[PDB]
Each structure stands twice: as C-alpha cells, then as structure tokens.
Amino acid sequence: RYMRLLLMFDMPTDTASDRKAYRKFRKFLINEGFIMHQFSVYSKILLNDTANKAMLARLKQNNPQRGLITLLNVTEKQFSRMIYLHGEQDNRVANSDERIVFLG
C-alpha cells in the first residue's frame, strides 16, 4: 500500500523577494521529511492516500506562489522500477521502505 510523492521545481532567483520564498520552501520540504534525489527534485515517501491527501494540504498551505512547481504521485512498486542509467541509487534509510532498520 505504500506510495511516493515526487516534487520538481524551477523557481526564480532573480530578486531578494524571489529567493526568500525559495529558501522557505526548501526548508518546508526538508522539515516535512522529503528526500533530495536530484537538484531541484525531491521525493517524499508516504504510506496511504490519506497520508498523501494530508501532505497535499500542507503544500497548498506553504505554496511559494512563484516559479514552476509540480507534483506527481506514484507507487513504491512503480518508483522501484525506475532505472539508473548512470550513477548509483541512494542507500539512505530515509529512501527505503524497510519497516525494520539497523544502524549496523
């Protein structure tokens, strides 16, 4: 039943005002447990649409209202299929789905 939200952004850095509302937005994301996969492209792991539907609201609430920002929901099974054409996958537990974890 697990699900994965994917967020992609292209946000203007032209002005002081422009950047502020950027940094706020990246922090928001960090604080919400989002993983950075590529520069300007972050993944949030979820567990249910109800978790998803919630996390949606949170984003609407902290919408920077600048740039291009885009949200795509898929499944862990689908996200798992994603192919690395070069470079390696992130080992971070954050990115895993293991219910158990071992720091060693």
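From 1 onward, residues are counted along the sequence shown.
- For the pair 18-26 and 90-98, the mean B factor over Cα atoms is greater in 90-98.
- Comparing the listed residues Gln61, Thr75, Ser40, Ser43, the entry records the largest Cα B-factor for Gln61.
- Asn31 sits in the middle third of its chain by CA B factor, as recorded in the PDB entry.
- Among the modelled residues of the chain, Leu7 sits in the middle third by CA temperature factor in this PDB entry.
- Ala57 sits in the lowest third of its chain by CA B factor, as recorded in the PDB entry.
- In the deposited entry, the Cα temperature factor of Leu47 places it in the lowest third of its chain's modelled residues.
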